[PDB]
Chemist: 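Following this message is one structure expressed as structure tokens.
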Amino acid sequence: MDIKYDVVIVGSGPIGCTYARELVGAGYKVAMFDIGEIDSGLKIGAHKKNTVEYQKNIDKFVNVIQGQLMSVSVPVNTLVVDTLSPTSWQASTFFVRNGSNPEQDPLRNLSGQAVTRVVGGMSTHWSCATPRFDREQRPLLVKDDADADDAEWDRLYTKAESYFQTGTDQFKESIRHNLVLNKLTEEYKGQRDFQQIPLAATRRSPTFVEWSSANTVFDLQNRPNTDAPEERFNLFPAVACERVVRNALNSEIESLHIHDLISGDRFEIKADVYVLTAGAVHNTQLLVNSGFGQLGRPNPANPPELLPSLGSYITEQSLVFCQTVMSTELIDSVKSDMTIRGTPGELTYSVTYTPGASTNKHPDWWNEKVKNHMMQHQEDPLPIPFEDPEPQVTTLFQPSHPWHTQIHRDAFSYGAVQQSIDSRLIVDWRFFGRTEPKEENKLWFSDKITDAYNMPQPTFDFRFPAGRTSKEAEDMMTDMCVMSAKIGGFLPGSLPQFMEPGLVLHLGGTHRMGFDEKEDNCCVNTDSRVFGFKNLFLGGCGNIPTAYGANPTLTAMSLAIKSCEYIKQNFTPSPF
Amino acid sequence: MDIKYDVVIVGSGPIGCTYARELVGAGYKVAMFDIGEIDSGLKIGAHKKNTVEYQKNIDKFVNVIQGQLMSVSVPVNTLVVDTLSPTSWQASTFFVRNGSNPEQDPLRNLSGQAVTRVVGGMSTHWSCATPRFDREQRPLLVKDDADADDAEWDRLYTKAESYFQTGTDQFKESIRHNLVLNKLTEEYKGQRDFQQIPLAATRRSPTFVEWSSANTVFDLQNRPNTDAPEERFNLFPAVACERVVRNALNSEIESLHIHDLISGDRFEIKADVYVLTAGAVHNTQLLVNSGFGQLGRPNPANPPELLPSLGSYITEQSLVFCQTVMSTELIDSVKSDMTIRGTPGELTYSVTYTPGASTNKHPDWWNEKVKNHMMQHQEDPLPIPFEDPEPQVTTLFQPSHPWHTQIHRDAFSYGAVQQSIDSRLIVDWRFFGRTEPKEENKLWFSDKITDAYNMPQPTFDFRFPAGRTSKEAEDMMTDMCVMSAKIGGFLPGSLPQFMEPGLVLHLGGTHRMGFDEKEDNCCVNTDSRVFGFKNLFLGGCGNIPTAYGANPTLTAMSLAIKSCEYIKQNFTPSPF
Amino acid sequence: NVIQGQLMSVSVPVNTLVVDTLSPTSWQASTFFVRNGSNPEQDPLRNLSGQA
Amino acid sequence: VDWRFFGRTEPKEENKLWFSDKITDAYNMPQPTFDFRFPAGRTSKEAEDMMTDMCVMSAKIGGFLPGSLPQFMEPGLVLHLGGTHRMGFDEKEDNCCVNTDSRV
Ligand SMILES: *Cc1cc2c(cc1C)nc1c(=O)[nH]c(=O)nc-1n2C[C@H](O)[C@H](O)[C@H](O)COP(=O)(O)OP(=O)(O)OC[C@H]1O[C@@H](n2cnc3c(N)ncnc32)[C@H](O)[C@@H]1O
Ligand SMILES: *Cc1cc2c(cc1C)nc1c(=O)[nH]c(=O)nc-1n2C[C@H](O)[C@H](O)[C@H](O)COP(=O)(O)OP(=O)(O)OC[C@H]1O[C@@H](n2cnc3c(N)ncnc32)[C@H](O)[C@@H]1O
């Protein structure tokens, strides 16, 4: 440890990694701190699902994800356990047990909200969907010139797309994917258009996909190194960053207070530039622990000195979920171009097709795969090959259907634990609603209760806003029922449902961007700079100030890119 | 990738790491292959629990374990799903889905048996309990001289405990440890002896324990390297080892066929010496895949050419489990030495004790921690400090109580604790029985069904033998019920039960050790060398041929140390 | 089933289960109010919950 | 085979059945409320020892049926409630409501 750097970044998620990639690239002397540790393998902050073993038993990855999702606010438990033996110690009240938060109203929570403390953050487990927002979902970066605003967003997203290696091709030879894609495409007759979900991934072989992650944006190795002899970067894992120190006029940050979790020691790290990328919840915790916003249960009577919008206007998407079992009609269509004779399991059985025939419903590569599966595996009653990659279908958000869709299979902290229905038949349905930012929806911090790292305990006061948010969420549920039925019936055990609020982990707005602090009720400008402070920047979904349905990380990356432009324009890196 | 080494080890679990530490240290050019990958952090093959965030969120580690336990043999599923939509594809038979094994009788399974494929193997997640076996549990290493046999086993165990860093004091200043330790010592005074579980672990601070793993045995760094400039070792993860190539005469291994899972390429690796440490299941798979024992369903009309006892006489332990809620009486005694004035919350609440007082029931270190807790947390109704380390108590196997016991808390694939009862109150009880080896209990491999790595699918034909094994298992359940009652009543939701067969993961006997192949119905001699073959050795629980109740790894490590002593004497390292 | 059909619980405390997966359009409680014949006098931790 | 073991409970003043003066039942009569815990002391010790006896005795006949593991039943489900209007010789001395002819 140096005590002095050009830039310090808190958190080694994919958004901290954007700031590192831009600024280490540009010659700045950079340090990054993470409260979490390198576990992930020799590629630091890489995607934990890039093992052969995981992609051969993908269902087990759900557990890995649950293992690193730590709930943000758990209300005090009031379950009645009245069958303890009379000799066992028995409680008289629902007292504060097992890390629970007595500030939390159980009926106004984001009970599903959780955080991950490891190097690379949530990008070590995420499902890698990186779509662009359309205008209706996107903050403005220029007003009163939509063409200029469009050109800015296109440049930034394009760059963000390179950093993540976003693509729409990785699943193009999957039979399940094309079976679902083509059917929805036919059914909607141009009313909606379908495509592959844009994924941050590169395919390495037919049975393996290198999913992207932080490591993809920046490899997190210390520099200088032989591969980058003129760059300067140090990562410090197991370091809780607790507060930034403000000067007296509140126009500059003077240091970052840290706590080394292994030695126990504390330090004050000095930098020219301080970047907070600790996630939407923890950025806000760190600012409020620093004297920004208001500590404790909200109280209009003593309105804060600084950032009165911090932790208000928060948004989290509604999420509806089901699983379907492929229709007979679609399964039989897999084999539409085949001539099948005799009885499976006899030497006289055969399966053929005519290559190139203009009337075939499917291409040759598909019929080849089907033929070989059905000829080599005559004991199997399905025409889909055993290792056919998953579907990855979306029709993106549009004003007349204002929700994102994913019609796919991926690993999440829920999603079928079942064995009785063949996995080749099962398609997941996830529709994501947009939520209006409302002042009364808040993330705040207890002035009494603390979390496991002795910081102010986060507390939500959240409900989906009535009016348009709620009308679309229900219309969205209906849309998913109507759409999914074109492909098949619901899988028993995964019937259509709203999921636990915040499970979807797309919280935004906690330290929101806009042009004017007051008129826009916001915390950072379009450079991601905290209002008032020359040298403090926030990055993450917490910046997004709009109601969005699409998955937000790519948009948050784009914002961080723009932020790094302003930093190059106003700070000089130290000589090497 | 040299094509030639002095020694090749298949398997990077603790036992393979024993051969490595011994043979790399003695100057052999050693290569090690593992089908799985470095994930675990920069300490290769280290315990995954050793993170600050896991040890602050220890209930989450259960998910990590679940995520890397892949079931060995899952029988064909016969659950009825009769609530599909009539449009959905629906089965006509219970056909083979999702990885199930049609050879498996579901009533003669070890359905809880599971394998872990990652660098370090199961040692990246185990709960670190390493006791010694008494004579009753233990194979003989010296014939006709009980005292020389004990001398040899003491020398081996001593070395193996040093490699694991085994100890019996890391939990000595736990209040809950001592609370239970003391009560049971007193209840069984003159009848049974209680102590701490011998644990491969080193305490680093009052709230942090460095659990041991394969990494403790050997750090798995490629050599030569700065701190060992003269040693030669290379680790190759993501390599499936598939066959050892027998010479026509069956007197020697000529090479190791491997499949690099990243490139897809297959290779023959050459060594002087071949060591299989792939675990009890997968060592056996590999051998049967190489022509040893008999491929397919057992058919005694066909004695196999080699190792007719391979995959017979398998043993797995009966495992009984419950959890308890500490008695009111015990919880009160925790604060027995305390002088209390007024009540909590009120102005003059004070809690004090007199160190050294002869009327004190507890030591000063206990009282100090209780006093401080009760004074610093007057809202909490219990006297146990929040970060009190876990309890870790055992009464070891004896003739009059022939089962191992563990009266503790730790993370397993089951037994995750709920949220309504305070965790400070909860104690886990696991009692492990011993299983008589019997020729009819078998692990065998399909001649046609293959697993996810296209190797012969493992199938169990297993039942707990009638007689002593069965009577003892039931007596063991009653003992748990009687012993647990001294400490507290059963926790609702963790009532006393037998756990699913094999969930215990202490599988033994699959490639069992003895003096004479024929007379003792075994596969390896006491040097762990395969009968007939000059240069093939097996390591692991599968070598153990007795009925044992205590946890096996430490015993397996001892036999490997003995195995290395043979190898050192009989093969010469190549020149550096 | 017949027995269950004629055993009517004597005292049911106020329900404090959290149902947070209702549709946003559905009417949602702000409190754990007296619902369905529950008894608000009853301390759920000092009951004979099974008396009928 | 079903195993049911039934323990005795010491009569204590503080264990009560009472009636709300506001809340009413389905028949518009005052809502019954309990305030009960198994008494500390002999009741509780006996109850636990009783669970142990069942685990010990039952084992002579057979193992537990999975899904019917030994447990304490939700309080009152046994339906053997007593002493709500208790008998004794003398109302004050024996803390009671009826004499031994069951007259109030
Ligand atoms: C869990 C997950 C998330 C996810 C997803 C599926 C799952 C199961 N699917 C996604 C998808 O397909 N696409 C989408 O856009 N996003 C999806 N997500 C969400 C995504 O992972 C997050 O939006 C993204 O990772 C946010 O990145 P950011 O870099 O802002 O935040 P992070 O990854 O959470 O990293 C923050 C880190 O900072 C640390 N930290 C926290 N507090 C401190 C303090 N006080 N001091 C120092 N470091 C701190 C963390 O430990 C962490 O690494
Ligand atoms: C899971 C578990 C284990 C466990 C424990 C609690 C949990 C939840 N508690 C333990 C305890 O407290 N004390 C005890 O003695 N045992 C405990 N266990 C079991 C213990 O972990 C194992 O007994 C021990 O790890 C076994 O050692 P070993 O070195 O023999 O084997 P392994 O750890 O299973 O690793 C073998 C490896 O080899 C690989 N592999 C397998 N097949 C191949 C092929 N074909 N080619 C190349 N490599 C192969 C693996 O990937 C693996 O890492």
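All ligand and atom numbering here is 1-based and tracks the order in the structure. Sequence lines set the chain letters: A, B, ... in the order given, protein chains first and strands last, and positions in each chain run from 1.
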Chemist: Fit a plane to each ring of B:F412 and B:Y414, take the angle between them on a 0 to 90° scale, and name the class: parallel (under 30°), tilted (30 to 60°) or perpendicular (over 60°).
Modeler: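 Because their plane-to-plane angle lies in the 30° to 60° range, the rings of B:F412 and B:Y414 count as tilted.
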Chemist: One pair per line, please: each N/O atom of ligand 1 matched with every protein N/O atom under 3.5 Å away, atom names first, then the distance to 0.1 Å.
Modeler:
residue	atom	partner	partner atom	Å
ligand 1	9 (N)	A:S127	N	3.2
ligand 1	9 (N)	A:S127	OG	3.0
ligand 1	12 (O)	A:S127	OG	2.7
ligand 1	12 (O)	A:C128	N	2.9
ligand 1	12 (O)	A:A129	N	2.8
ligand 1	13 (N)	A:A129	O	3.0
ligand 1	15 (O)	A:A129	O	3.4
ligand 1	15 (O)	A:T553	N	3.4
ligand 1	15 (O)	A:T553	OG1	2.9
ligand 1	16 (N)	A:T553	OG1	3.2
ligand 1	23 (O)	A:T553	OG1	2.9
ligand 1	29 (O)	A:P14	N	3.2
ligand 1	29 (O)	A:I15	N	2.9
ligand 1	33 (O)	A:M122	N	3.1
ligand 1	45 (N)	A:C241	O	3.1
ligand 1	46 (N)	A:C241	N	3.0
ligand 1	48 (N)	A:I35	N	3.1
ligand 1	51 (O)	A:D34	OD1	2.6
ligand 1	53 (O)	A:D34	OD2	2.9
ligand 1	53 (O)	A:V118	O	2.9
ligand 1	53 (O)	A:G121	N	3.1

Chemist: Assign the ring pair B:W211 / B:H47 to parallel, tilted or perpendicular, where the plane angle (0 to 90°) is split at 30° and 60°.
Modeler: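 Ring orientation, 0 to 90° scale: tilted.
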Chemist: Measure the acute angle between the ring planes of B:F432 and B:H506, then classify it against the limits of 30° and 60° as parallel, tilted or perpendicular.
Modeler: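 Because their plane-to-plane angle is under 30°, the rings of B:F432 and B:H506 count as parallel.
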Chemist: Could you walk me through whether B:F164 and B:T553 satisfy the side chain to side chain contact (heavy atoms under 4.5 Å, CB included) test, starting with their C-alpha distance in whole Å, then the side-chain angles of each, then the deciding distance to 0.1 Å, before giving a yes or no?
Modeler: CA-CA 10 Å; B:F164 267 143; B:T553 309; 3.9 Å; yes
Chemist: Do A:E53 and B:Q68 have side chains that get closer than 4.5 Å, going by heavy atoms?
Modeler: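 They are not in side-chain contact.
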Chemist: Partners of A:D410 by salt bridge (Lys or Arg N to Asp or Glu O under 4.0 Å), sequence neighbours excluded?
Modeler: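 A:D410: salt bridge (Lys or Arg N to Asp or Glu O under 4.0 Å) contacts with A:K49.
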